[PDB]
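*Asks:* Handing over start-v6.tsv, TSV, C-alpha atoms.
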```
chain	number	residue	atom	x	y	z
A	1	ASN	CA	0.00	0.00	0.00
A	2	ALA	CA	2.21	2.88	-1.36
A	3	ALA	CA	1.81	6.35	0.31
A	4	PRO	CA	0.94	9.26	-2.05
A	5	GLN	CA	4.57	10.47	-1.52
A	6	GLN	CA	5.86	7.10	-2.94
A	7	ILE	CA	3.60	7.41	-6.04
A	8	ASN	CA	4.96	11.02	-6.29
A	9	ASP	CA	8.61	9.78	-6.08
A	10	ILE	CA	8.14	6.97	-8.71
A	11	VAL	CA	6.41	9.38	-11.13
A	12	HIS	CA	8.95	12.22	-10.72
A	13	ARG	CA	11.99	9.83	-11.10
A	14	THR	CA	10.55	8.42	-14.40
A	15	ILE	CA	8.75	11.40	-16.04
A	16	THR	CA	11.23	14.25	-15.23
A	17	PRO	CA	14.10	12.69	-17.29
A	18	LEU	CA	11.64	11.64	-20.05
A	19	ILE	CA	10.49	15.27	-20.49
A	20	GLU	CA	14.17	16.50	-20.54
A	21	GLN	CA	15.36	13.74	-23.00
A	22	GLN	CA	12.35	14.13	-25.37
A	23	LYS	CA	12.10	18.00	-25.13
A	24	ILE	CA	8.36	17.67	-24.30
A	25	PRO	CA	6.85	21.17	-23.84
A	26	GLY	CA	3.90	20.07	-21.65
A	27	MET	CA	2.68	16.85	-20.07
A	28	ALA	CA	-0.17	15.58	-17.88
A	29	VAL	CA	-0.04	12.18	-16.09
A	30	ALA	CA	-2.72	10.32	-14.14
A	31	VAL	CA	-1.73	7.27	-12.10
A	32	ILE	CA	-4.71	5.07	-11.03
A	33	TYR	CA	-3.60	3.26	-7.84
A	34	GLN	CA	-6.05	0.94	-5.99
A	35	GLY	CA	-8.69	2.50	-8.31
A	36	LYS	CA	-8.01	6.16	-7.25
A	37	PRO	CA	-6.43	8.85	-9.49
A	38	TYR	CA	-3.26	10.86	-8.72
A	39	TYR	CA	-2.51	13.77	-11.12
A	40	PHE	CA	0.79	15.35	-12.20
A	41	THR	CA	1.41	18.26	-14.59
A	42	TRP	CA	4.58	19.73	-16.18
A	43	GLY	CA	5.41	22.53	-18.57
A	44	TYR	CA	3.24	24.51	-20.97
A	45	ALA	CA	-0.02	23.98	-22.88
A	46	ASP	CA	0.83	27.14	-24.90
A	47	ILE	CA	4.55	28.05	-24.88
A	48	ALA	CA	4.14	31.51	-26.50
A	49	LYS	CA	1.52	32.53	-23.86
A	50	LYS	CA	3.45	30.71	-21.03
A	51	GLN	CA	0.15	28.95	-20.14
A	52	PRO	CA	0.94	25.92	-17.91
A	53	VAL	CA	-0.61	22.48	-18.32
A	54	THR	CA	-3.38	21.95	-15.73
A	55	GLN	CA	-5.95	19.20	-15.04
A	56	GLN	CA	-8.37	21.04	-17.42
A	57	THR	CA	-5.90	21.24	-20.37
A	58	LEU	CA	-7.29	19.50	-23.50
A	59	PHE	CA	-4.81	17.29	-25.40
A	60	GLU	CA	-5.24	15.56	-28.79
A	61	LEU	CA	-5.54	11.81	-28.02
A	62	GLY	CA	-4.70	10.80	-31.60
A	63	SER	CA	-5.16	7.03	-31.99
A	64	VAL	CA	-6.25	6.59	-28.33
A	65	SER	CA	-9.53	7.77	-29.99
A	66	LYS	CA	-9.77	4.19	-31.36
A	67	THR	CA	-10.53	2.90	-27.79
A	68	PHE	CA	-13.68	5.12	-27.76
A	69	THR	CA	-14.58	3.81	-31.25
A	70	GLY	CA	-14.18	0.21	-30.08
A	71	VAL	CA	-16.34	0.68	-26.95
A	72	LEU	CA	-19.03	2.53	-29.00
A	73	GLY	CA	-19.01	-0.47	-31.40
A	74	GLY	CA	-19.30	-2.79	-28.37
A	75	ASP	CA	-22.32	-0.82	-27.11
A	76	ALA	CA	-23.96	-1.15	-30.59
A	77	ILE	CA	-23.40	-4.98	-30.44
A	78	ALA	CA	-24.94	-5.09	-26.90
A	79	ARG	CA	-27.97	-3.07	-28.18
A	80	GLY	CA	-28.43	-5.76	-30.91
A	81	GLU	CA	-27.89	-3.13	-33.69
A	82	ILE	CA	-24.86	-4.90	-35.30
A	83	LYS	CA	-22.94	-8.18	-35.15
A	84	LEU	CA	-19.16	-8.27	-35.80
A	85	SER	CA	-19.75	-11.23	-38.20
A	86	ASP	CA	-22.02	-8.99	-40.41
A	87	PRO	CA	-20.55	-8.14	-43.84
A	88	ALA	CA	-19.56	-4.45	-44.26
A	89	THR	CA	-21.82	-4.48	-47.39
A	90	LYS	CA	-24.90	-4.93	-45.10
A	91	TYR	CA	-24.29	-1.33	-43.87
A	92	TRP	CA	-22.93	0.13	-47.20
A	93	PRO	CA	-24.65	-1.66	-50.10
A	94	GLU	CA	-22.86	0.67	-52.61
A	95	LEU	CA	-19.63	-1.35	-51.79
A	96	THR	CA	-20.36	-3.68	-54.76
A	97	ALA	CA	-16.70	-4.52	-55.74
A	98	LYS	CA	-16.02	-8.33	-55.45
A	99	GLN	CA	-13.06	-7.94	-53.01
A	100	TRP	CA	-15.60	-6.80	-50.34
A	101	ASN	CA	-17.51	-10.14	-50.50
A	102	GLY	CA	-16.29	-11.71	-47.17
A	103	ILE	CA	-15.10	-8.56	-45.35
A	104	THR	CA	-16.92	-8.16	-42.01
A	105	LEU	CA	-17.27	-5.50	-39.34
A	106	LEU	CA	-14.88	-7.62	-37.23
A	107	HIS	CA	-12.23	-7.42	-39.97
A	108	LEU	CA	-12.58	-3.61	-40.20
A	109	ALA	CA	-12.55	-3.11	-36.37
A	110	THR	CA	-9.42	-5.32	-35.89
A	111	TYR	CA	-7.30	-4.31	-38.97
A	112	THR	CA	-7.69	-7.86	-40.47
A	113	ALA	CA	-9.64	-7.03	-43.71
A	114	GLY	CA	-6.46	-7.88	-45.81
A	115	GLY	CA	-4.26	-4.74	-45.99
A	116	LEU	CA	-6.43	-1.64	-45.90
A	117	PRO	CA	-3.82	1.15	-45.78
A	118	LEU	CA	-2.62	3.04	-42.68
A	119	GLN	CA	-4.15	6.36	-43.87
A	120	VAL	CA	-7.19	7.35	-45.89
A	121	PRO	CA	-5.60	9.34	-48.77
A	122	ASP	CA	-5.53	13.20	-48.24
A	123	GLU	CA	-7.33	13.56	-51.64
A	124	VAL	CA	-10.50	11.84	-50.13
A	125	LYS	CA	-12.82	14.83	-49.35
A	126	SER	CA	-16.40	13.58	-50.11
A	127	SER	CA	-18.62	10.51	-49.50
A	128	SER	CA	-18.19	9.72	-53.25
A	129	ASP	CA	-14.33	10.01	-52.98
A	130	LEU	CA	-14.44	7.62	-49.98
A	131	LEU	CA	-16.60	5.06	-51.90
A	132	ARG	CA	-14.20	5.24	-54.91
A	133	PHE	CA	-11.21	4.68	-52.57
A	134	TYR	CA	-12.71	1.48	-51.04
A	135	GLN	CA	-14.14	0.23	-54.38
A	136	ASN	CA	-10.68	0.50	-56.06
A	137	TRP	CA	-8.71	-0.96	-53.11
A	138	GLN	CA	-6.91	-4.28	-53.91
A	139	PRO	CA	-6.25	-6.52	-50.88
A	140	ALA	CA	-2.78	-7.99	-50.34
A	141	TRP	CA	-4.23	-10.76	-48.07
A	142	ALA	CA	-7.43	-12.76	-47.69
A	143	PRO	CA	-9.71	-11.53	-44.88
A	144	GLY	CA	-8.85	-12.71	-41.35
A	145	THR	CA	-5.22	-13.77	-42.11
A	146	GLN	CA	-3.03	-10.69	-41.44
A	147	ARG	CA	-3.20	-7.72	-39.07
A	148	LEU	CA	-2.13	-4.37	-40.59
A	149	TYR	CA	-2.85	-1.38	-38.33
A	150	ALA	CA	-4.94	1.04	-40.37
A	151	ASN	CA	-7.10	4.15	-39.90
A	152	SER	CA	-8.92	3.22	-43.16
A	153	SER	CA	-9.99	-0.07	-41.44
A	154	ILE	CA	-11.24	0.91	-37.93
A	155	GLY	CA	-12.43	4.28	-39.31
A	156	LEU	CA	-14.86	2.50	-41.63
A	157	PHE	CA	-15.91	0.17	-38.76
A	158	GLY	CA	-16.86	3.24	-36.65
A	159	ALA	CA	-18.79	4.90	-39.49
A	160	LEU	CA	-20.78	1.70	-40.31
A	161	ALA	CA	-21.34	0.59	-36.66
A	162	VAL	CA	-23.54	3.68	-35.94
A	163	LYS	CA	-25.72	3.41	-39.14
A	164	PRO	CA	-28.56	1.39	-37.48
A	165	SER	CA	-28.83	3.99	-34.64
A	166	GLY	CA	-29.65	6.74	-37.22
A	167	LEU	CA	-27.07	8.97	-35.38
A	168	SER	CA	-23.84	10.48	-36.70
A	169	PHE	CA	-20.67	8.97	-35.21
A	170	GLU	CA	-20.21	12.17	-33.12
A	171	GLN	CA	-23.80	12.10	-31.77
A	172	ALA	CA	-23.59	8.35	-31.01
A	173	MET	CA	-20.27	8.90	-29.17
A	174	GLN	CA	-21.62	11.90	-27.16
A	175	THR	CA	-24.96	10.29	-26.17
A	176	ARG	CA	-23.87	6.63	-25.65
A	177	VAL	CA	-20.28	6.93	-24.26
A	178	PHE	CA	-19.26	10.49	-23.18
A	179	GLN	CA	-22.51	11.54	-21.42
A	180	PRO	CA	-23.20	8.28	-19.47
A	181	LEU	CA	-19.59	8.36	-18.14
A	182	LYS	CA	-19.79	12.16	-17.36
A	183	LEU	CA	-16.78	12.86	-19.67
A	184	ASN	CA	-17.84	16.54	-19.80
A	185	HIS	CA	-14.42	17.79	-21.09
A	186	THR	CA	-14.02	15.21	-23.92
A	187	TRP	CA	-14.76	16.44	-27.47
A	188	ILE	CA	-14.59	15.42	-31.11
A	189	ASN	CA	-15.19	19.11	-32.02
A	190	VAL	CA	-13.85	21.54	-29.32
A	191	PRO	CA	-16.54	24.17	-28.64
A	192	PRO	CA	-15.64	27.91	-28.59
A	193	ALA	CA	-15.83	28.24	-24.73
A	194	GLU	CA	-13.26	25.38	-24.40
A	195	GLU	CA	-10.69	26.78	-26.94
A	196	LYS	CA	-8.90	28.59	-24.00
A	197	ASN	CA	-8.15	25.10	-22.52
A	198	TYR	CA	-6.95	23.52	-25.85
A	199	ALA	CA	-3.16	22.98	-25.72
A	200	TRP	CA	-1.11	23.65	-28.86
A	201	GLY	CA	0.81	20.70	-30.28
A	202	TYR	CA	4.49	21.23	-31.23
A	203	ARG	CA	6.33	19.71	-34.25
A	204	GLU	CA	9.80	20.90	-35.46
A	205	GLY	CA	9.18	24.46	-34.11
A	206	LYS	CA	5.55	24.80	-35.42
A	207	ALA	CA	2.45	25.20	-33.20
A	208	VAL	CA	-0.15	22.81	-34.69
A	209	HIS	CA	-3.64	21.38	-34.19
A	210	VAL	CA	-4.89	18.28	-36.02
A	211	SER	CA	-6.38	19.04	-39.51
A	212	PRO	CA	-9.79	17.71	-40.69
A	213	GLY	CA	-9.59	14.44	-42.62
A	214	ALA	CA	-11.81	11.55	-43.72
A	215	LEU	CA	-12.97	9.34	-40.77
A	216	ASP	CA	-10.90	11.52	-38.35
A	217	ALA	CA	-13.50	11.37	-35.51
A	218	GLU	CA	-13.38	7.54	-35.55
A	219	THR	CA	-9.52	7.22	-35.71
A	220	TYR	CA	-7.56	10.19	-34.30
A	221	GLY	CA	-9.92	13.13	-33.60
A	222	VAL	CA	-10.86	12.98	-29.84
A	223	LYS	CA	-9.52	15.71	-27.42
A	224	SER	CA	-9.70	15.17	-23.63
A	225	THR	CA	-8.30	16.28	-20.26
A	226	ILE	CA	-6.19	14.21	-17.87
A	227	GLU	CA	-9.25	13.96	-15.49
A	228	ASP	CA	-11.63	12.64	-18.16
A	229	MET	CA	-8.93	10.19	-19.36
A	230	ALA	CA	-8.41	8.93	-15.75
A	231	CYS	CA	-12.24	8.39	-15.65
A	232	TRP	CA	-12.02	6.59	-19.02
A	233	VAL	CA	-9.38	4.20	-17.55
A	234	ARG	CA	-11.38	3.66	-14.30
A	235	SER	CA	-14.54	2.92	-16.41
A	236	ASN	CA	-12.65	0.43	-18.64
A	237	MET	CA	-11.18	-1.29	-15.52
A	238	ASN	CA	-14.60	-1.57	-13.73
A	239	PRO	CA	-17.46	-1.92	-16.25
A	240	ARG	CA	-19.72	-3.60	-13.59
A	241	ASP	CA	-19.91	-0.15	-11.80
A	242	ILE	CA	-21.54	1.45	-14.95
A	243	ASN	CA	-25.38	1.73	-14.73
A	244	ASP	CA	-25.88	1.86	-18.57
A	245	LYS	CA	-26.08	-1.93	-19.25
A	246	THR	CA	-25.21	-1.83	-23.01
A	247	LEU	CA	-22.19	0.44	-22.26
A	248	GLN	CA	-21.00	-1.96	-19.47
A	249	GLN	CA	-21.31	-4.85	-22.00
A	250	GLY	CA	-19.62	-2.72	-24.74
A	251	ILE	CA	-16.59	-2.10	-22.51
A	252	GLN	CA	-16.38	-5.87	-21.86
A	253	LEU	CA	-16.68	-6.67	-25.63
A	254	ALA	CA	-13.88	-4.16	-26.50
A	255	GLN	CA	-11.46	-6.12	-24.22
A	256	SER	CA	-12.58	-9.53	-25.60
A	257	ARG	CA	-9.70	-11.32	-27.37
A	258	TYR	CA	-10.66	-11.75	-31.08
A	259	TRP	CA	-7.21	-12.43	-32.62
A	260	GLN	CA	-3.74	-13.42	-31.43
A	261	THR	CA	-0.49	-12.18	-33.06
A	262	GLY	CA	2.64	-13.28	-31.12
A	263	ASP	CA	1.99	-12.43	-27.44
A	264	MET	CA	-0.68	-9.77	-28.19
A	265	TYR	CA	-4.46	-10.02	-28.51
A	266	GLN	CA	-6.54	-7.60	-30.55
A	267	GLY	CA	-9.70	-6.17	-28.95
A	268	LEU	CA	-11.93	-3.42	-30.33
A	269	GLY	CA	-9.49	-0.44	-30.21
A	270	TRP	CA	-7.79	-1.84	-27.08
A	271	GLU	CA	-4.81	-4.19	-27.42
A	272	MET	CA	-4.08	-6.71	-24.66
A	273	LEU	CA	-1.30	-8.98	-23.34
A	274	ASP	CA	-1.29	-11.36	-20.39
A	275	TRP	CA	-0.08	-9.77	-17.11
A	276	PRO	CA	2.63	-9.96	-15.91
A	277	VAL	CA	4.10	-8.78	-19.20
A	278	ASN	CA	7.68	-8.91	-20.53
A	279	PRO	CA	8.29	-5.14	-20.92
A	280	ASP	CA	10.67	-5.80	-23.87
A	281	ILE	CA	7.67	-7.13	-25.89
A	282	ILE	CA	5.50	-4.00	-25.39
A	283	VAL	CA	8.43	-1.47	-25.60
A	284	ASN	CA	9.99	-2.99	-28.77
A	285	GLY	CA	6.51	-3.81	-30.17
A	286	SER	CA	5.55	-0.07	-30.02
A	287	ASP	CA	8.36	0.88	-32.42
A	288	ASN	CA	6.74	1.64	-35.82
A	289	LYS	CA	9.03	-1.13	-37.40
A	290	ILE	CA	6.80	-3.70	-35.54
A	291	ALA	CA	3.61	-1.66	-34.78
A	292	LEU	CA	3.03	-0.74	-38.48
A	293	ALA	CA	4.09	-4.14	-39.89
A	294	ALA	CA	1.72	-6.82	-41.24
A	295	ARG	CA	1.69	-9.83	-38.86
A	296	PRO	CA	-0.21	-13.12	-39.17
A	297	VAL	CA	-3.27	-13.62	-36.91
A	298	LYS	CA	-5.15	-16.61	-35.58
A	299	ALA	CA	-8.81	-16.29	-34.65
A	300	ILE	CA	-9.75	-16.93	-31.00
A	301	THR	CA	-12.94	-19.04	-30.85
A	302	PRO	CA	-15.01	-18.20	-29.02
A	303	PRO	CA	-13.39	-14.75	-28.44
A	304	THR	CA	-11.97	-14.85	-24.91
A	305	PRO	CA	-14.06	-12.79	-22.48
A	306	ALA	CA	-12.09	-9.79	-21.14
A	307	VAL	CA	-9.23	-11.18	-19.00
A	308	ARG	CA	-8.71	-9.04	-15.81
A	309	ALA	CA	-5.05	-10.26	-15.60
A	310	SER	CA	-4.12	-8.24	-18.75
A	311	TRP	CA	-1.89	-5.35	-19.71
A	312	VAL	CA	-4.51	-3.33	-21.69
A	313	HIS	CA	-3.10	-0.44	-23.70
A	314	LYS	CA	-3.14	1.96	-26.66
A	315	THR	CA	-0.69	4.53	-28.06
A	316	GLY	CA	-1.81	7.61	-29.99
A	317	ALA	CA	-0.28	10.41	-32.02
A	318	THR	CA	-1.18	13.44	-34.06
A	319	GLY	CA	1.39	15.72	-35.71
A	320	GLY	CA	1.77	17.74	-32.49
A	321	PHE	CA	0.77	15.28	-29.68
A	322	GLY	CA	1.71	11.92	-28.14
A	323	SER	CA	-0.58	9.96	-25.78
A	324	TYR	CA	-0.46	6.57	-24.05
A	325	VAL	CA	-2.90	4.67	-21.82
A	326	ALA	CA	-2.20	1.35	-20.05
A	327	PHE	CA	-4.00	-0.47	-17.25
A	328	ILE	CA	-4.23	-3.80	-15.43
A	329	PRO	CA	-7.86	-4.42	-14.37
A	330	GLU	CA	-7.06	-7.19	-11.79
A	331	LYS	CA	-4.78	-4.68	-9.92
A	332	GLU	CA	-6.96	-1.53	-10.35
A	333	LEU	CA	-3.63	0.01	-11.58
A	334	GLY	CA	-3.32	2.27	-14.61
A	335	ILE	CA	-1.66	5.28	-16.19
A	336	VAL	CA	-2.48	8.02	-18.70
A	337	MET	CA	0.36	10.08	-20.26
A	338	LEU	CA	-0.70	13.10	-22.41
A	339	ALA	CA	1.96	15.27	-24.09
A	340	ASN	CA	1.97	18.08	-26.68
A	341	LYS	CA	4.81	16.54	-28.71
A	342	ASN	CA	4.70	13.30	-30.76
A	343	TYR	CA	7.79	11.62	-29.18
A	344	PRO	CA	8.73	7.97	-29.82
A	345	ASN	CA	6.29	5.26	-28.61
A	346	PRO	CA	9.01	3.06	-26.96
A	347	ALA	CA	9.90	5.93	-24.58
A	348	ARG	CA	6.20	6.28	-23.59
A	349	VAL	CA	5.70	2.55	-23.02
A	350	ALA	CA	8.97	2.09	-21.09
A	351	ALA	CA	8.10	4.99	-18.71
A	352	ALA	CA	4.51	3.76	-18.18
A	353	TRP	CA	5.71	0.19	-17.47
A	354	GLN	CA	8.44	1.39	-15.05
A	355	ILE	CA	5.79	3.31	-13.04
A	356	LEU	CA	3.15	0.51	-12.94
A	357	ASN	CA	5.88	-2.16	-12.28
A	358	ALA	CA	7.01	-0.09	-9.27
A	359	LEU	CA	3.43	0.05	-7.87
A	360	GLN	CA	2.38	-3.61	-8.32
```
As C-alpha cells, how would this structure be written, given the file I've shared?
*Replies:*
Amino acid sequence: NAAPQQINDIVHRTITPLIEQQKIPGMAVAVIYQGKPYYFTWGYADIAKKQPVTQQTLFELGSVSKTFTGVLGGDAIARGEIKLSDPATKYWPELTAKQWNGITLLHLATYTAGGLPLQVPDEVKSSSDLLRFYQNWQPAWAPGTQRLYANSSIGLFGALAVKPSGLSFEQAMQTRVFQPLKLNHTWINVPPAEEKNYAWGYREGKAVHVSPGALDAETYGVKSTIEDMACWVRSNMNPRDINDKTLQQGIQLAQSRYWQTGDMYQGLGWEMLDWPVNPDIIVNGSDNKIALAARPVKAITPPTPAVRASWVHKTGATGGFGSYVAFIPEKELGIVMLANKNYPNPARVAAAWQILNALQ
C-alpha cells in the first residue's frame, strides 16, 4: 500500500528525465492506484503565452480515440444493432466490388480485412471520394489472415457501426459513451468556450492542431483532459460499476480477445497482453518497425471474455501530440500520459511500465 509520496517519487523519477530527454513542452499524467487517481502536470499547454498544463488542459488523443470507437461499437453490439460477423456491405450496399464479399465489421474493427492502408488518402474529401477509394482498393491478403494497423480499417468500422442507430458517429459517441460516463471535457469538435483550454501541439518548431480528414473522428480526432482520461481508464477497468447496461457490455466486448499475433491479442481499439508482461515485448513492439508491420493472426474461438489479468493499452499520435494509456484491471492500476509533442512510442511505453511495475 504505497503512500501518495511514494507514487509522487516513482512518477517524478521516471517522467522528469523523459520530459528533458524528449524536449516535451507540456505533459499531464494520471496514475490510477487501488482505483483512485493521482494527477501530475509539467510545462506549458501554450509556450508563446506561457500557459501551464493543468488538469483542465485539452490534449489531442490521436489514436487513443480508437478505444472510444471500439467501446461505442461494443455498445452497438450489446444493443443488438450490429454483429461483428455482419458483412460491411450490409451497412454500405454501394460497396459492390467483389473484393468486399467476405469482409466483415470484425475485420474492419481489428485491422484484419487484408491490408487496408494506414491512412485514408488526403485527396479523399467527399462521400463519393471515400466510396471510390474502397471500391478500387486491392487486398494484399485474404480476410482474417493478417493484421495491418490502419485508420482506413477501424475508421470504416466506426462509421458503419452507428448506421442502425440513425445517429452520426459524433452524436452516437456523445450520447452513448461520453454523457453516461460524465466525460464533460471530452470532445470530437472543441466548442468555442473550451478553446482557451486547448493545448497547442508542437512539431519541429511549429504550433499545430490536427487538420480535418476523412474518418478523423473515428480514428484520431478525440480531445480530452487528464481527469476525463483517468475516468475513461477507471470505467474500462470496472465496467460492472456502470449503470448503462449496453455500455458496461460494450466495454467488456472491446477487451474480448478476437485475434492473437505473437503475445498480443486484438480487442476493439484496445490491445491486450497477459499480465505480468515482458516489458521488452510492449516497448519494442511499439516501435513503428513492428507496430506498423503486417503480422499473421489466428482467430480466437469463441473470443476470450475480457481477462482481468491483462496489460490493456493503446498509443496515440497526431502531428503535435503523443498519448499513451495502459492499465491492469485485476490490480486496479493504470496510467495516462498526455503530451503536446509526438515523441517515440518506446519511450512512452517504457516509462509507463516502469511506473506501474514499481506500484504492483
*Asks:* Which of these, A:340, A:41, A:310, A:186, has the shortest distance to residue 202 (chain A) once you count all atoms listed in the file?
*Replies:*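 Among A:340, A:41, A:310, A:186, it is A:340 that comes nearest to residue 202 (chain A).
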*Asks:* Just give me the gap between CA of residue 143 (chain A) and CA of residue 114 (chain A) in Å, one decimal is fine.
*Replies:*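 Interatomic distance, CA of residue 143 (chain A) to CA of residue 114 (chain A): 5.0 Å.
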*Asks:* For residue 171 (chain A), which residue among A:72, A:270, A:121, A:136 is the nearest when counting only C-alpha atoms?
*Replies:*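 Between A:72, A:270, A:121, A:136, the residue approaching residue 171 (chain A) most closely is A:72.
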*Asks:* One decimal, in Å: what's the spacing between CA of residue 21 (chain A) and CA of residue 44 (chain A)?
*Replies:* 16.3 Å
*Asks:* Which value, in Å to one decimal, gives the distance between CA of residue 119 (chain A) and CA of residue 197 (chain A)?
*Replies:*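 Value for the CA of residue 119 (chain A)-CA of residue 197 (chain A) distance: 28.7 Å.
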*Asks:* Show which residues sit within 10 Å of region 4-13 of chain A, as a short mmCIF file (atom, residue, chain, number, x, y, z; two decimals) with C-alpha atoms, in the frame of the given file. Count all atoms listed in the file, and ignore same-chain residues fewer than 6 positions away.
*Replies:*
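Final output, saved to selection04.cif:
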```
data_model
loop_
_atom_site.label_atom_id
_atom_site.label_comp_id
_atom_site.auth_asym_id
_atom_site.auth_seq_id
_atom_site.Cartn_x
_atom_site.Cartn_y
_atom_site.Cartn_z
CA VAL A 29 -0.04 12.18 -16.09
CA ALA A 30 -2.72 10.32 -14.14
CA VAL A 31 -1.73 7.27 -12.10
CA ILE A 32 -4.71 5.07 -11.03
CA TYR A 33 -3.60 3.26 -7.84
CA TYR A 38 -3.26 10.86 -8.72
CA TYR A 39 -2.51 13.77 -11.12
CA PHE A 40 0.79 15.35 -12.20
CA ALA A 351 8.10 4.99 -18.71
CA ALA A 352 4.51 3.76 -18.18
CA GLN A 354 8.44 1.39 -15.05
CA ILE A 355 5.79 3.31 -13.04
CA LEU A 356 3.15 0.51 -12.94
CA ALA A 358 7.01 -0.09 -9.27
CA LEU A 359 3.43 0.05 -7.87
#
```
*Asks:* From the set A:60, A:94, A:20, A:194, which residue has the shortest atom-to-atom contact distance to residue 127 (chain A), counting only C-alpha atoms?
*Replies:* A:94
*Asks:* Between region 34-89 of chain A and region 210-222 of chain A, at 9 Å or less, what are the per-residue closest atom pairs and their distances in Å? Count only C-alpha atoms, order by chain and rising residue number, and return it as CSV.
*Replies:*
```
residue,atom,partner,partner_atom,distance
A:59,CA,A:222,CA,8.7
A:60,CA,A:222,CA,6.3
A:61,CA,A:222,CA,5.7
A:62,CA,A:220,CA,4.0
A:63,CA,A:220,CA,4.6
A:64,CA,A:220,CA,7.1
A:65,CA,A:220,CA,5.3
A:66,CA,A:219,CA,5.3
A:68,CA,A:218,CA,8.2
A:69,CA,A:218,CA,5.8
```
*Asks:* Report the centre and edge lengths, in Å to one decimal, of an axis-aligned box enclosing every atom of region 52-57 of chain A listed in the file, padded by 8 Å on each side, as AutoDock Vina command-line options.
*Replies:*
```
--center_x -3.7 --center_y 22.6 --center_z -17.7 --size_x 25.3 --size_y 22.7 --size_z 21.3
```
*Asks:* Using all atoms listed in the file, which residues sit within 7 Å of region 283-299 of chain A once same-chain residues fewer than 4 positions away are excluded, as a list in words?
*Replies:*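 Counting all atoms listed in the file, the residues come to residues 145, 146, 147, 148, 149, 258, 259, 260, 261, 279, 345, 346, 349 and 350 of chain A.
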*Asks:* Using all atoms listed in the file, give me every residue within 12 Å of (-9.5, -14.9, -48.8) in file coordinates, as a VMD selection string.
*Replies:* chain A and resid 98 to 103 107 112 to 115 139 to 146
*Asks:* May I have a table of the residues of region 156-258 of chain A lying at most 8 Å from region 327-332 of chain A, giving each one's closest pair of atoms and their distance in Å to one decimal, counting only C-alpha atoms, ordered by chain and ascending residue number, as CSV?
*Replies:*
```
residue,atom,partner,partner_atom,distance
A:233,CA,A:327,CA,7.1
A:234,CA,A:332,CA,7.9
A:237,CA,A:329,CA,4.7
A:238,CA,A:329,CA,7.3
```
*Asks:* Considering all atoms listed in the file, return as JSON, numbers by chain whatever protein or nucleic-acid residues lie within 8 Å of residue 200 (chain A), sequence-local ones (same chain, fewer than 2 positions apart) excluded.
*Replies:* {"A": [45, 46, 198, 202, 207, 208, 209, 320, 340]}
*Asks:* List the spatial neighbours of residue 343 (chain A) as number ranges by chain - criterion: any atom at most 9 Å away, all atoms listed in the file, same-chain residues fewer than 6 positions off excluded.
*Replies:* A: 22-24, 317, 321-322
*Asks:* Which one of A:25, A:316, A:182, A:77 sits closest to residue 48 (chain A) if you count all atoms listed in the file?
*Replies:*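 With all atoms listed in the file as the atom set, the closest residue is A:25.
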*Asks:* Just region 310-320 of chain A from the block, N, CA, C and O atoms, as a short mmCIF file (atom, residue, chain, number, x, y, z; two decimals), in the first residue's frame, could you?
*Replies:*
```
data_model
loop_
_atom_site.label_atom_id
_atom_site.label_comp_id
_atom_site.auth_asym_id
_atom_site.auth_seq_id
_atom_site.Cartn_x
_atom_site.Cartn_y
_atom_site.Cartn_z
N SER A 310 -4.63 -8.71 -17.45
CA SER A 310 -4.12 -8.24 -18.75
C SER A 310 -3.41 -6.91 -18.55
O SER A 310 -3.88 -6.11 -17.71
N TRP A 311 -2.41 -6.70 -19.38
CA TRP A 311 -1.89 -5.35 -19.71
C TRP A 311 -2.74 -4.87 -20.88
O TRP A 311 -2.66 -5.51 -21.97
N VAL A 312 -3.56 -3.86 -20.67
CA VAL A 312 -4.51 -3.33 -21.69
C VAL A 312 -3.99 -1.96 -22.09
O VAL A 312 -3.75 -1.14 -21.17
N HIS A 313 -3.76 -1.72 -23.37
CA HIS A 313 -3.10 -0.44 -23.70
C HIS A 313 -3.41 0.06 -25.11
O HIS A 313 -3.94 -0.68 -25.96
N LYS A 314 -3.05 1.32 -25.34
CA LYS A 314 -3.14 1.96 -26.66
C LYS A 314 -2.24 3.20 -26.70
O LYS A 314 -2.35 4.05 -25.80
N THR A 315 -1.43 3.29 -27.72
CA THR A 315 -0.69 4.53 -28.06
C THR A 315 -1.52 5.43 -28.95
O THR A 315 -2.40 4.95 -29.71
N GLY A 316 -1.17 6.72 -29.00
CA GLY A 316 -1.81 7.61 -29.99
C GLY A 316 -0.99 8.83 -30.31
O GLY A 316 -0.28 9.36 -29.43
N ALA A 317 -1.02 9.21 -31.57
CA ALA A 317 -0.28 10.41 -32.02
C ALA A 317 -1.14 11.22 -32.97
O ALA A 317 -2.02 10.67 -33.65
N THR A 318 -0.85 12.52 -32.96
CA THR A 318 -1.18 13.44 -34.06
C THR A 318 0.14 14.12 -34.42
O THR A 318 1.17 13.84 -33.82
N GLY A 319 0.13 15.06 -35.36
CA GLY A 319 1.39 15.72 -35.71
C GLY A 319 2.05 16.39 -34.52
O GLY A 319 3.26 16.36 -34.43
N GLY A 320 1.25 16.94 -33.61
CA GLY A 320 1.77 17.74 -32.49
C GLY A 320 1.66 17.07 -31.13
O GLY A 320 2.06 17.71 -30.14
#
```
